[PDB]
Each structure stands twice: as C-alpha cells, then as structure tokens.
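Pasted below: target_24.cif, mmCIF, C-alpha atoms.
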```cif
data_target
loop_
_atom_site.group_PDB
_atom_site.id
_atom_site.type_symbol
_atom_site.label_atom_id
_atom_site.label_comp_id
_atom_site.auth_asym_id
_atom_site.auth_seq_id
_atom_site.Cartn_x
_atom_site.Cartn_y
_atom_site.Cartn_z
ATOM 1 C CA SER A 1 8.828 -18.841 10.513
ATOM 2 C CA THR A 2 9.663 -15.807 8.405
ATOM 3 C CA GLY A 3 9.240 -14.636 4.831
ATOM 4 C CA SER A 4 11.043 -12.083 2.683
ATOM 5 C CA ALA A 5 9.982 -10.899 -0.771
ATOM 6 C CA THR A 6 11.175 -8.176 -3.093
ATOM 7 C CA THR A 7 8.636 -5.564 -4.154
ATOM 8 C CA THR A 8 9.152 -3.761 -7.470
ATOM 9 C CA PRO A 9 7.678 -0.507 -8.843
ATOM 10 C CA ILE A 10 5.257 -1.098 -11.700
ATOM 11 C CA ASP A 11 6.485 1.941 -13.655
ATOM 12 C CA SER A 12 9.003 4.777 -13.680
ATOM 13 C CA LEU A 13 6.866 6.886 -11.307
ATOM 14 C CA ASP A 14 6.442 4.307 -8.516
ATOM 15 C CA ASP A 15 2.684 4.399 -9.103
ATOM 16 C CA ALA A 16 2.434 1.099 -7.222
ATOM 17 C CA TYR A 17 4.582 -1.866 -6.233
ATOM 18 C CA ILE A 18 4.152 -5.546 -7.098
ATOM 19 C CA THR A 19 5.363 -8.534 -5.094
ATOM 20 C CA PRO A 20 5.360 -12.119 -6.404
ATOM 21 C CA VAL A 21 3.034 -14.493 -4.556
ATOM 22 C CA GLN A 22 2.769 -18.253 -5.012
ATOM 23 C CA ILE A 23 -0.796 -19.612 -5.025
ATOM 24 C CA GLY A 24 -1.856 -23.240 -5.297
ATOM 25 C CA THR A 25 -0.223 -26.558 -6.047
ATOM 26 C CA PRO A 26 1.752 -26.579 -8.285
ATOM 27 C CA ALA A 27 2.497 -22.943 -7.575
ATOM 28 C CA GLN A 28 0.933 -20.255 -9.740
ATOM 29 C CA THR A 29 2.951 -17.059 -9.308
ATOM 30 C CA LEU A 30 0.964 -13.821 -9.500
ATOM 31 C CA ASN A 31 2.298 -10.313 -8.929
ATOM 32 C CA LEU A 32 0.132 -8.702 -6.273
ATOM 33 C CA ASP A 33 -0.164 -5.179 -4.919
ATOM 34 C CA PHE A 34 0.423 -5.453 -1.150
ATOM 35 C CA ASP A 35 -2.061 -3.000 0.357
ATOM 36 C CA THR A 36 -1.944 -2.075 4.047
ATOM 37 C CA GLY A 37 -5.146 -0.084 3.410
ATOM 38 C CA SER A 38 -7.416 -3.056 2.636
ATOM 39 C CA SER A 39 -7.976 -6.598 3.808
ATOM 40 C CA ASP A 40 -8.891 -8.772 0.789
ATOM 41 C CA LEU A 41 -6.509 -11.013 -1.143
ATOM 42 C CA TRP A 42 -8.110 -11.074 -4.580
ATOM 43 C CA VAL A 43 -6.765 -12.156 -7.955
ATOM 44 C CA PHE A 44 -7.482 -12.072 -11.633
ATOM 45 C CA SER A 45 -8.576 -15.592 -12.446
ATOM 46 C CA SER A 46 -9.978 -18.049 -14.964
ATOM 47 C CA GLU A 47 -13.384 -16.764 -13.783
ATOM 48 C CA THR A 48 -12.725 -13.099 -14.625
ATOM 49 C CA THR A 49 -14.924 -11.761 -17.433
ATOM 50 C CA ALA A 50 -12.686 -12.217 -20.462
ATOM 51 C CA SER A 51 -13.155 -8.674 -21.788
ATOM 52 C CA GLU A 52 -11.848 -7.335 -18.456
ATOM 53 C CA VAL A 53 -8.529 -9.215 -18.635
ATOM 54 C CA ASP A 54 -5.788 -7.448 -20.615
ATOM 55 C CA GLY A 55 -2.360 -8.968 -19.994
ATOM 56 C CA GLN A 56 -2.646 -9.977 -16.333
ATOM 57 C CA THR A 57 -1.552 -13.383 -15.116
ATOM 58 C CA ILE A 58 -4.567 -15.334 -13.893
ATOM 59 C CA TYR A 59 -5.104 -17.840 -11.112
ATOM 60 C CA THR A 60 -6.829 -20.997 -12.357
ATOM 61 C CA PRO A 61 -8.188 -22.876 -9.319
ATOM 62 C CA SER A 62 -9.080 -25.966 -11.361
ATOM 63 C CA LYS A 63 -5.335 -26.485 -11.944
ATOM 64 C CA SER A 64 -4.519 -26.386 -8.207
ATOM 65 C CA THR A 65 -4.810 -29.677 -6.343
ATOM 66 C CA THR A 66 -5.117 -27.756 -3.055
ATOM 67 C CA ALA A 67 -7.832 -25.310 -4.128
ATOM 68 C CA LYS A 68 -11.279 -25.723 -2.595
ATOM 69 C CA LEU A 69 -14.337 -23.628 -3.332
ATOM 70 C CA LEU A 70 -15.485 -21.803 -0.200
ATOM 71 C CA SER A 71 -19.094 -22.675 -0.822
ATOM 72 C CA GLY A 72 -21.518 -19.765 -0.832
ATOM 73 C CA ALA A 73 -18.891 -17.114 -0.191
ATOM 74 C CA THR A 74 -18.783 -13.947 -2.281
ATOM 75 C CA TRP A 75 -16.859 -10.705 -2.058
ATOM 76 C CA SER A 76 -17.168 -7.195 -3.416
ATOM 77 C CA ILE A 77 -14.886 -4.250 -2.726
ATOM 78 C CA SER A 78 -14.708 -0.571 -3.637
ATOM 79 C CA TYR A 79 -11.509 1.400 -3.199
ATOM 80 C CA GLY A 80 -10.920 5.053 -2.414
ATOM 81 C CA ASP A 81 -9.976 5.790 -6.025
ATOM 82 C CA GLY A 82 -13.371 4.533 -7.207
ATOM 83 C CA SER A 83 -12.096 1.214 -8.551
ATOM 84 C CA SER A 84 -13.807 -2.043 -7.641
ATOM 85 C CA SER A 85 -13.873 -5.809 -8.069
ATOM 86 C CA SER A 86 -15.992 -8.753 -6.960
ATOM 87 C CA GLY A 87 -16.317 -12.507 -7.254
ATOM 88 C CA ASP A 88 -16.313 -15.815 -5.369
ATOM 89 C CA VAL A 89 -13.813 -17.433 -3.011
ATOM 90 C CA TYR A 90 -11.468 -20.405 -2.873
ATOM 91 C CA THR A 91 -9.162 -21.521 -0.116
ATOM 92 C CA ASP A 92 -5.668 -22.511 -1.204
ATOM 93 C CA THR A 93 -2.028 -22.517 -0.166
ATOM 94 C CA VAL A 94 -0.394 -19.110 -0.481
ATOM 95 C CA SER A 95 3.295 -18.384 -0.013
ATOM 96 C CA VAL A 96 5.115 -15.048 0.135
ATOM 97 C CA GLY A 97 8.888 -15.006 0.142
ATOM 98 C CA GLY A 98 9.120 -18.509 1.598
ATOM 99 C CA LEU A 99 6.366 -18.087 4.209
ATOM 100 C CA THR A 100 3.430 -20.427 3.596
ATOM 101 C CA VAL A 101 -0.190 -20.211 4.774
ATOM 102 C CA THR A 102 -2.504 -23.128 4.117
ATOM 103 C CA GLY A 103 -6.226 -22.504 3.826
ATOM 104 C CA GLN A 104 -5.867 -18.848 2.836
ATOM 105 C CA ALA A 105 -8.957 -17.247 1.336
ATOM 106 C CA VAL A 106 -8.128 -16.425 -2.287
ATOM 107 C CA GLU A 107 -10.862 -14.199 -3.686
ATOM 108 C CA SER A 108 -11.338 -14.918 -7.374
ATOM 109 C CA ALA A 109 -12.516 -11.956 -9.424
ATOM 110 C CA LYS A 110 -15.479 -12.416 -11.700
ATOM 111 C CA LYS A 111 -15.581 -8.668 -12.408
ATOM 112 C CA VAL A 112 -13.008 -5.890 -12.143
ATOM 113 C CA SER A 113 -13.349 -2.191 -12.937
ATOM 114 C CA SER A 114 -11.589 -0.536 -15.840
ATOM 115 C CA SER A 115 -8.581 0.764 -13.909
ATOM 116 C CA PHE A 116 -7.671 -2.816 -12.965
ATOM 117 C CA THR A 117 -8.106 -4.101 -16.517
ATOM 118 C CA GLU A 118 -5.986 -1.244 -17.832
ATOM 119 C CA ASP A 119 -3.081 -2.061 -15.506
ATOM 120 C CA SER A 120 -1.528 -5.183 -16.984
ATOM 121 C CA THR A 121 1.205 -5.304 -14.318
ATOM 122 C CA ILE A 122 -1.059 -5.914 -11.288
ATOM 123 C CA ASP A 123 -2.560 -9.406 -11.021
ATOM 124 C CA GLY A 124 -4.511 -8.665 -7.831
ATOM 125 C CA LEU A 125 -4.215 -7.253 -4.327
ATOM 126 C CA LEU A 126 -2.979 -8.720 -1.053
ATOM 127 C CA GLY A 127 -4.601 -6.830 1.807
ATOM 128 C CA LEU A 128 -2.639 -6.175 4.991
ATOM 129 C CA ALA A 129 -5.026 -3.963 6.984
ATOM 130 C CA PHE A 130 -7.056 -5.517 9.799
ATOM 131 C CA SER A 131 -9.286 -8.469 8.989
ATOM 132 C CA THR A 132 -12.366 -6.600 10.238
ATOM 133 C CA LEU A 133 -12.351 -4.872 6.804
ATOM 134 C CA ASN A 134 -12.443 -8.118 4.814
ATOM 135 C CA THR A 135 -15.444 -8.115 2.474
ATOM 136 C CA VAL A 136 -16.152 -11.862 2.190
ATOM 137 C CA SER A 137 -19.779 -12.709 2.954
ATOM 138 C CA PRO A 138 -21.390 -14.415 4.790
ATOM 139 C CA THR A 139 -18.238 -15.569 6.627
ATOM 140 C CA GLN A 140 -15.569 -12.887 6.866
ATOM 141 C CA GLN A 141 -12.051 -14.123 6.106
ATOM 142 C CA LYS A 142 -8.627 -13.387 7.579
ATOM 143 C CA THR A 143 -5.734 -11.669 5.848
ATOM 144 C CA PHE A 144 -2.547 -13.491 4.938
ATOM 145 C CA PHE A 145 -0.766 -11.769 7.834
ATOM 146 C CA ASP A 146 -3.499 -12.676 10.318
ATOM 147 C CA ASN A 147 -3.330 -16.322 9.230
ATOM 148 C CA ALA A 148 0.480 -16.397 9.391
ATOM 149 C CA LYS A 149 0.887 -14.412 12.604
ATOM 150 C CA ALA A 150 0.918 -17.248 15.135
ATOM 151 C CA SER A 151 3.638 -19.083 13.184
ATOM 152 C CA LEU A 152 5.889 -16.052 12.739
ATOM 153 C CA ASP A 153 8.976 -15.586 14.880
ATOM 154 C CA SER A 154 7.601 -12.143 15.796
ATOM 155 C CA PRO A 155 4.060 -10.926 14.939
ATOM 156 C CA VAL A 156 5.213 -8.200 12.559
ATOM 157 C CA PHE A 157 5.736 -7.327 8.943
ATOM 158 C CA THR A 158 7.866 -4.535 7.516
ATOM 159 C CA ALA A 159 7.596 -2.392 4.394
ATOM 160 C CA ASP A 160 10.823 -1.046 2.876
ATOM 161 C CA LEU A 161 9.683 0.532 -0.385
ATOM 162 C CA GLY A 162 12.248 1.898 -2.810
ATOM 163 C CA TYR A 163 12.371 5.214 -4.630
ATOM 164 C CA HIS A 164 12.552 4.315 -8.317
ATOM 165 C CA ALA A 165 13.994 0.973 -7.186
ATOM 166 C CA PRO A 166 12.945 -2.365 -5.704
ATOM 167 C CA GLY A 167 12.405 -2.802 -1.984
ATOM 168 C CA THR A 168 11.335 -5.507 0.465
ATOM 169 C CA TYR A 169 8.394 -6.845 2.438
ATOM 170 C CA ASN A 170 9.530 -8.980 5.388
ATOM 171 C CA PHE A 171 7.274 -11.106 7.595
ATOM 172 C CA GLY A 172 8.161 -12.248 11.087
ATOM 173 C CA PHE A 173 11.400 -10.346 11.690
ATOM 174 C CA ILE A 174 12.961 -6.883 11.677
ATOM 175 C CA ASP A 175 16.084 -6.614 9.481
ATOM 176 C CA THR A 176 18.320 -4.394 11.590
ATOM 177 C CA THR A 177 20.607 -3.784 8.582
ATOM 178 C CA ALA A 178 17.776 -2.193 6.571
ATOM 179 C CA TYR A 179 17.549 1.131 8.430
ATOM 180 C CA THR A 180 19.700 3.761 10.116
ATOM 181 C CA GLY A 181 19.402 5.004 13.670
ATOM 182 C CA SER A 182 16.560 3.666 15.800
ATOM 183 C CA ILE A 183 12.933 2.757 15.088
ATOM 184 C CA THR A 184 10.386 5.076 16.697
ATOM 185 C CA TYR A 185 7.151 3.329 17.574
ATOM 186 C CA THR A 186 3.808 5.111 17.762
ATOM 187 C CA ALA A 187 0.304 4.094 18.792
ATOM 188 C CA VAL A 188 -2.239 2.630 16.369
ATOM 189 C CA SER A 189 -6.026 2.797 16.435
ATOM 190 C CA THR A 190 -7.724 -0.163 14.788
ATOM 191 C CA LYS A 191 -11.218 1.346 15.183
ATOM 192 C CA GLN A 192 -11.573 1.921 11.420
ATOM 193 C CA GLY A 193 -9.707 -1.265 10.456
ATOM 194 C CA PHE A 194 -6.597 0.631 9.295
ATOM 195 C CA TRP A 195 -3.053 1.148 10.522
ATOM 196 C CA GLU A 196 -4.164 4.527 11.831
ATOM 197 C CA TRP A 197 -1.727 6.698 13.774
ATOM 198 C CA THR A 198 -1.079 10.358 14.644
ATOM 199 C CA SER A 199 1.889 12.208 13.216
ATOM 200 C CA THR A 200 3.307 14.915 15.464
ATOM 201 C CA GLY A 201 3.763 17.562 12.762
ATOM 202 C CA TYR A 202 5.599 18.610 9.656
ATOM 203 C CA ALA A 203 8.187 20.865 8.075
ATOM 204 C CA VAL A 204 8.581 22.153 4.512
ATOM 205 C CA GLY A 205 12.124 22.156 3.179
ATOM 206 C CA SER A 206 14.526 23.768 5.640
ATOM 207 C CA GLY A 207 11.649 25.491 7.435
ATOM 208 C CA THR A 208 10.826 25.198 11.092
ATOM 209 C CA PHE A 209 8.910 22.185 12.334
ATOM 210 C CA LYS A 210 5.224 22.806 13.061
ATOM 211 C CA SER A 211 3.998 20.702 15.968
ATOM 212 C CA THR A 212 0.451 19.609 15.178
ATOM 213 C CA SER A 213 -1.361 16.279 15.406
ATOM 214 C CA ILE A 214 -2.195 14.717 12.029
ATOM 215 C CA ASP A 215 -4.245 11.527 12.233
ATOM 216 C CA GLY A 216 -3.860 9.306 9.190
ATOM 217 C CA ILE A 217 -3.284 5.808 7.861
ATOM 218 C CA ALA A 218 -0.136 4.018 6.702
ATOM 219 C CA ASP A 219 -1.319 2.789 3.295
ATOM 220 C CA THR A 220 1.078 1.014 0.949
ATOM 221 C CA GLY A 221 -1.759 0.746 -1.595
ATOM 222 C CA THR A 222 -2.069 4.515 -2.102
ATOM 223 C CA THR A 223 0.557 6.185 -4.299
ATOM 224 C CA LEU A 224 0.602 9.704 -2.872
ATOM 225 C CA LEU A 225 0.658 11.570 0.441
ATOM 226 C CA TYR A 226 -2.759 13.057 1.257
ATOM 227 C CA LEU A 227 -2.774 15.632 4.061
ATOM 228 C CA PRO A 228 -4.967 18.466 5.317
ATOM 229 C CA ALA A 229 -5.416 21.383 2.945
ATOM 230 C CA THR A 230 -3.567 23.762 5.302
ATOM 231 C CA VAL A 231 -0.447 21.568 5.279
ATOM 232 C CA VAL A 232 -0.567 20.974 1.530
ATOM 233 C CA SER A 233 -0.989 24.693 0.795
ATOM 234 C CA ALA A 234 2.003 25.489 2.994
ATOM 235 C CA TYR A 235 4.087 22.968 1.016
ATOM 236 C CA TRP A 236 3.136 24.120 -2.490
ATOM 237 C CA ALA A 237 3.483 27.801 -1.577
ATOM 238 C CA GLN A 238 7.234 27.131 -1.549
ATOM 239 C CA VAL A 239 7.233 26.079 -5.238
ATOM 240 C CA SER A 240 7.109 28.946 -7.743
ATOM 241 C CA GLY A 241 4.179 28.521 -10.097
ATOM 242 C CA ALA A 242 2.531 25.650 -8.253
ATOM 243 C CA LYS A 243 -1.240 25.749 -8.107
ATOM 244 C CA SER A 244 -4.246 23.576 -7.451
ATOM 245 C CA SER A 245 -5.953 22.655 -10.721
ATOM 246 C CA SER A 246 -9.574 21.520 -10.557
ATOM 247 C CA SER A 247 -9.345 20.312 -14.160
ATOM 248 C CA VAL A 248 -6.303 18.143 -13.469
ATOM 249 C CA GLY A 249 -7.478 17.041 -10.023
ATOM 250 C CA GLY A 250 -4.903 18.443 -7.635
ATOM 251 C CA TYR A 251 -1.741 20.444 -7.246
ATOM 252 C CA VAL A 252 0.488 20.787 -10.299
ATOM 253 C CA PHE A 253 3.808 22.565 -10.598
ATOM 254 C CA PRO A 254 6.239 23.596 -13.340
ATOM 255 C CA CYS A 255 8.308 20.606 -14.403
ATOM 256 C CA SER A 256 11.326 22.959 -14.328
ATOM 257 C CA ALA A 257 11.044 23.319 -10.532
ATOM 258 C CA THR A 258 13.295 21.814 -7.894
ATOM 259 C CA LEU A 259 10.963 20.640 -5.136
ATOM 260 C CA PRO A 260 11.620 21.103 -1.419
ATOM 261 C CA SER A 261 11.669 18.187 0.958
ATOM 262 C CA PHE A 262 8.782 17.454 3.310
ATOM 263 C CA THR A 263 9.346 16.227 6.858
ATOM 264 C CA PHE A 264 6.760 14.450 8.993
ATOM 265 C CA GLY A 265 6.963 13.708 12.716
ATOM 266 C CA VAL A 266 6.794 10.307 14.375
ATOM 267 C CA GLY A 267 6.846 11.055 18.068
ATOM 268 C CA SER A 268 9.998 13.076 18.624
ATOM 269 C CA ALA A 269 11.567 11.590 15.472
ATOM 270 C CA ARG A 270 11.461 13.002 11.944
ATOM 271 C CA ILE A 271 11.178 11.322 8.538
ATOM 272 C CA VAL A 272 12.395 13.425 5.607
ATOM 273 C CA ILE A 273 10.809 12.911 2.182
ATOM 274 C CA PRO A 274 13.269 14.265 -0.422
ATOM 275 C CA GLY A 275 11.829 16.708 -2.927
ATOM 276 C CA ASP A 276 12.391 14.351 -5.855
ATOM 277 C CA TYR A 277 9.992 11.830 -4.277
ATOM 278 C CA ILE A 278 7.178 14.403 -4.668
ATOM 279 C CA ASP A 279 7.574 14.690 -8.471
ATOM 280 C CA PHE A 280 5.035 12.570 -10.375
ATOM 281 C CA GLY A 281 5.971 13.858 -13.787
ATOM 282 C CA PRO A 282 4.068 15.480 -16.631
ATOM 283 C CA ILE A 283 0.287 15.509 -16.303
ATOM 284 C CA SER A 284 0.132 14.257 -19.907
ATOM 285 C CA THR A 285 2.888 13.162 -22.233
ATOM 286 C CA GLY A 286 5.045 16.125 -23.217
ATOM 287 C CA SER A 287 3.439 18.595 -20.836
ATOM 288 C CA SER A 288 5.554 21.025 -18.838
ATOM 289 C CA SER A 289 3.022 20.861 -15.991
ATOM 290 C CA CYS A 290 3.959 18.168 -13.485
ATOM 291 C CA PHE A 291 1.734 16.417 -10.958
ATOM 292 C CA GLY A 292 2.479 16.804 -7.264
ATOM 293 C CA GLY A 293 3.034 13.918 -4.879
ATOM 294 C CA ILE A 294 1.505 15.719 -1.885
ATOM 295 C CA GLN A 295 -2.219 16.389 -2.309
ATOM 296 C CA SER A 296 -5.109 17.487 -0.148
ATOM 297 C CA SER A 297 -7.123 14.905 1.759
ATOM 298 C CA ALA A 298 -10.054 17.318 2.075
ATOM 299 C CA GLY A 299 -12.254 15.246 -0.251
ATOM 300 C CA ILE A 300 -11.290 11.853 1.204
ATOM 301 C CA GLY A 301 -12.295 12.038 4.857
ATOM 302 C CA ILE A 302 -8.954 10.675 6.086
ATOM 303 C CA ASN A 303 -5.285 11.581 5.766
ATOM 304 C CA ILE A 304 -3.242 8.954 3.933
ATOM 305 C CA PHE A 305 0.478 8.315 4.392
ATOM 306 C CA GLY A 306 0.835 6.577 1.043
ATOM 307 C CA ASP A 307 3.896 5.394 -0.821
ATOM 308 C CA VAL A 308 5.413 8.900 -1.160
ATOM 309 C CA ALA A 309 5.765 9.029 2.628
ATOM 310 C CA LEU A 310 6.334 5.361 3.382
ATOM 311 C CA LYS A 311 9.152 4.915 0.844
ATOM 312 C CA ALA A 312 11.204 7.484 2.796
ATOM 313 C CA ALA A 313 11.186 5.125 5.808
ATOM 314 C CA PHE A 314 11.613 1.604 7.048
ATOM 315 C CA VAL A 315 8.137 0.864 8.421
ATOM 316 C CA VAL A 316 7.229 -1.767 11.010
ATOM 317 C CA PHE A 317 3.635 -2.991 11.127
ATOM 318 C CA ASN A 318 3.571 -4.525 14.612
ATOM 319 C CA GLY A 319 0.642 -6.914 14.942
ATOM 320 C CA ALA A 320 1.113 -7.675 18.621
ATOM 321 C CA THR A 321 -1.989 -7.831 20.821
ATOM 322 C CA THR A 322 -1.824 -4.037 20.978
ATOM 323 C CA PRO A 323 -0.665 -3.077 17.463
ATOM 324 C CA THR A 324 1.801 -0.256 16.878
ATOM 325 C CA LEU A 325 3.681 1.264 13.942
ATOM 326 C CA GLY A 326 7.419 1.873 13.808
ATOM 327 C CA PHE A 327 9.310 4.258 11.538
ATOM 328 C CA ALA A 328 13.048 4.539 10.951
ATOM 329 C CA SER A 329 15.112 6.521 8.503
ATOM 330 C CA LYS A 330 17.109 4.506 5.982
#
```

What's the structure tokens form of this structure?
Amino acid sequence: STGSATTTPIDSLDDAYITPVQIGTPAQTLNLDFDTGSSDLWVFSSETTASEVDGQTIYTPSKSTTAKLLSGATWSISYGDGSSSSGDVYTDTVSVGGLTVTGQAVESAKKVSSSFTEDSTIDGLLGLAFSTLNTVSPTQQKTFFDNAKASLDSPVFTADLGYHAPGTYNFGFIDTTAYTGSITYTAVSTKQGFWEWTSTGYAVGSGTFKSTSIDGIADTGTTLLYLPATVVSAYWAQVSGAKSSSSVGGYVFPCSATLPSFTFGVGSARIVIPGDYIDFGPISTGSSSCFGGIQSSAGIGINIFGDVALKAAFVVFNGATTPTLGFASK
C-alpha cells in the first residue's frame, strides 16, 4: 500500500504545516501537524476542556462506530517549546492520503496548553519519530507509520515541504519526479528516539564550506533551524545590523536586509537554503526588526533541522530495519 497527502502552511510565514487526516467511521477529517520529532497522535476532541478549544475541529469518538476506549490508558506530553497536552486514548481507524491503519491509538486531549488553544488551524499532532517516545501509559502505543510499515510497498515516508506553498507527505514510495539529482542517504541513531543524524558541515552564502560534524534531528514539527552558537554567529555576522536580542529571544535583523543562503552538508552532498527561507518577518506588527530563521541551539541540548532546513530538500525517512535519512535537492 501507499498514501499521499498534501501538507499546507498554516500562515504566511510557514510557522507549521497541516495535513488532513481521516479518523473514525464515518470519517472525521482533522488537520494535523505531522511531527517527525514526537511520537503521539493526539487530537482536540469532544473531551477537551471547552475553554481550551478556540476554533479547532474536534474528534468525537462517540460518533465513530469503530472507536474503542483503550481502557486505563492515559497520555501526557511536553514539547521543546514548553507547550503540552494530555488526556485518554481511543483506538480507531486512521487514514492519511488513502493509506489506512486500523486500531491506531488516537490520543484524545482533555487538556491543552495555551499555545495550542491559540492556534485555531492545528487540530492535533501526528507523531512520526520512533515509537519508543510515545507517552501512552501503562501500555506504550505505536505511531501511525510504525503501524502501517508492514503493509507499505517500501518501509519509508517522505517529507517534501514547500516554501510559502503546499507540499507533500508520501508513505510507502519515493516519488522520483519530486527531486533533482540523486538522494544522499546518511546514518541515523535512534538512541534518543529521534531521526538523529550528523551533518558534514556548512557554508554561509558564497563562502567556503566548513567541514565539521553537526549532530542533530530532522524535525518537521519545529519551525526553525537550530544550530550551534558558533555556526549561527558565523551566519548572522554576514547580515549588516543583525544581532542576538535577549528581549526578543534570538537573532533579529533589519527587515531591509537581503539574507545570504545557508548550505548544510549531507555526506558529500550539499543542501542550499535560500536566504528568503530564513526571513520570519517583523518581530511585531509594523516593526522594522525581523526575526531570523537560524537560531542557536545552545539552550536546547540538541541541534534541530526544522522546517527551514527540511523545506529546502526532498527528505526520505527510511524505516528499514536499520533506519537512514535521505536528502535530495529539488
């Protein structure tokens, strides 16, 4: 089997991407944030505290003839941005782009933190990291990809995120028309539950490539590119007037600037992030200070190849017995 679904930016900045997902019988379509940095499929629901729902579409398990309470199971998750959610668990039929999993754990939110409530466009998350990170207790549950894997034509999914435009998540096949050149594959460590890999270095603009190992995670659920402070300083030093602002929470730059590209290495291959992809717009409405799309990871504990990096590439998440990641230009 295969599936193919379009993923769409939630706003003009590509702050996140939503993909429609069918849950239950008859189908209830919710727009979920596919997140290769976590491993829970959770949704706003008829059980979510009413004051914490503000425009989201909800899953109502009592209206699904295939929903079953997973008795005794609860979940609770905290994300790197400080947001969180928790609740109980149903199993139900879940389909993405024509690919159907029966018995998928659908985690129904009873509580969500304010950043989720405030984002009316995101109806939940669909985790695509390794199932060892799933938070369901006392019986940990598998991700949608883990449940589908054995049925797929090939045990892979691909992320093809657009810049200010829709893109595609494919399951079970590699669309050879969706990228240019060849795909370069690189090793993955699953020891932390992430799609964790080591970039071979970077360049700023037309500058020379610096060969240096940068361990980090391919995370579709993080907006920006978080890298070591040395690398980030070298980037922003090429932008007149750019500076790190403690009050704003990272590097800002004059909105009048033209930003240089940023290149990262994948083995001997190179992925170029155009400068425009690094512009996240005014820090507040009408400001001439703009927020940078490359930020330091120094406070995180891990480097994160988020959407800013991933959208410059066609990315293969290879879930074979030994997982690997593939990157191609596009």

Q: Would you kindly translate the PyMOL selection byres ((chain A and resi 192-202) around 10) into the concrete residues it picks from this file, as a ChimeraX atom specification?
A: /A:36-39,128-134,186-191,203-205,207-219,231,235,262-272,302-305,317-319,323-325

Can those selected residues be exported to a file as a tab-separated table (two decimals), keeping the file's coordinate frame so that it contains C-alpha atoms?
```
chain	number	residue	atom	x	y	z
A	36	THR	CA	-1.94	-2.08	4.05
A	37	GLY	CA	-5.15	-0.08	3.41
A	38	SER	CA	-7.42	-3.06	2.64
A	39	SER	CA	-7.98	-6.60	3.81
A	128	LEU	CA	-2.64	-6.18	4.99
A	129	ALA	CA	-5.03	-3.96	6.98
A	130	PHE	CA	-7.06	-5.52	9.80
A	131	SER	CA	-9.29	-8.47	8.99
A	132	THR	CA	-12.37	-6.60	10.24
A	133	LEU	CA	-12.35	-4.87	6.80
A	134	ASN	CA	-12.44	-8.12	4.81
A	186	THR	CA	3.81	5.11	17.76
A	187	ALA	CA	0.30	4.09	18.79
A	188	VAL	CA	-2.24	2.63	16.37
A	189	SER	CA	-6.03	2.80	16.43
A	190	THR	CA	-7.72	-0.16	14.79
A	191	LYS	CA	-11.22	1.35	15.18
A	203	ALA	CA	8.19	20.86	8.07
A	204	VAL	CA	8.58	22.15	4.51
A	205	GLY	CA	12.12	22.16	3.18
A	207	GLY	CA	11.65	25.49	7.44
A	208	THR	CA	10.83	25.20	11.09
A	209	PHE	CA	8.91	22.18	12.33
A	210	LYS	CA	5.22	22.81	13.06
A	211	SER	CA	4.00	20.70	15.97
A	212	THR	CA	0.45	19.61	15.18
A	213	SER	CA	-1.36	16.28	15.41
A	214	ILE	CA	-2.19	14.72	12.03
A	215	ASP	CA	-4.24	11.53	12.23
A	216	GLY	CA	-3.86	9.31	9.19
A	217	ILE	CA	-3.28	5.81	7.86
A	218	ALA	CA	-0.14	4.02	6.70
A	219	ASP	CA	-1.32	2.79	3.30
A	231	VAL	CA	-0.45	21.57	5.28
A	235	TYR	CA	4.09	22.97	1.02
A	262	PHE	CA	8.78	17.45	3.31
A	263	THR	CA	9.35	16.23	6.86
A	264	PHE	CA	6.76	14.45	8.99
A	265	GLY	CA	6.96	13.71	12.72
A	266	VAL	CA	6.79	10.31	14.38
A	267	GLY	CA	6.85	11.06	18.07
A	268	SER	CA	10.00	13.08	18.62
A	269	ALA	CA	11.57	11.59	15.47
A	270	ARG	CA	11.46	13.00	11.94
A	271	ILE	CA	11.18	11.32	8.54
A	272	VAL	CA	12.40	13.42	5.61
A	302	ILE	CA	-8.95	10.68	6.09
A	303	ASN	CA	-5.28	11.58	5.77
A	304	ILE	CA	-3.24	8.95	3.93
A	305	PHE	CA	0.48	8.32	4.39
A	317	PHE	CA	3.64	-2.99	11.13
A	318	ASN	CA	3.57	-4.53	14.61
A	319	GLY	CA	0.64	-6.91	14.94
A	323	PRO	CA	-0.66	-3.08	17.46
A	324	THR	CA	1.80	-0.26	16.88
A	325	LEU	CA	3.68	1.26	13.94
```

Q. Which distance in Å separates CA of residue 104 in chain A and CA of residue 141 in chain A, to one decimal?
A. 8.4 Å

**Q.** Interatomic distance (Å, one decimal) between CA of residue 101 in chain A and CA of residue 119 in chain A
**A.** 27.4 Å

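Minimum distance to residue 31 in chain A across A:55, A:221, A:124, A:103 (counting only C-alpha atoms) occurs at A:124.
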
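Closest approach to residue 322 in chain A among A:230, A:286, A:32, A:156: A:156, based on all atoms listed in the file.
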
Q: Any chance you could resolve the PyMOL selection byres ((chain A and resi 19) around 10) against this file and give the residues as a ChimeraX atom specification?
A: /A:5-10,17-18,20-21,29-34,96-97,122-123,125-126,166-169

Q: Place a sphere of radius 6 Å on (10.6, 17.6, 0.5) in the file coordinates and name every protein, DNA or RNA residue with an atom inside or on its surface, counting only C-alpha atoms; give the answer as number ranges by chain.
A: A: 205, 260-262, 273-275

Q. A:46, A:108, A:51, A:296: which is nearest residue 234 in chain A, counting only C-alpha atoms?
A. A:296

Q | Explicit residues for the PyMOL selection byres ((chain A and resi 173) around 10) (as an MDAnalysis selection string) | A | chainID A and resid 1:4 152:158 170:172 174:176 316

(Q) Given all atoms listed in the file as the basis, pick out the residue of A:233, A:95, A:313, A:11 nearest to residue 120 in chain A. (A) A:11

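The spacing separating CA of residue 307 in chain A from CA of residue 45 in chain A amounts to 27.0 Å.
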
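Of the listed residues (A:117, A:48, A:65, A:222), A:222 comes nearest to residue 81 in chain A; the distances count all atoms listed in the file.
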
Q: Would you mind listing what lies within 8 Å of residue 24 in chain A as an MDAnalysis selection string, with all atoms listed in the file counted and same-chain residues fewer than 5 positions away left out?
A: chainID A and resid 61 64:67 92:94

Q: Find the spatial neighbours of residue 311 in chain A, counting all atoms listed in the file, within a cut-off of 9 Å - ignore same-chain residues fewer than 5 positions away - and output them as a PyMOL selection string.
A: chain A and resi 159-163+167+220+273+277+306
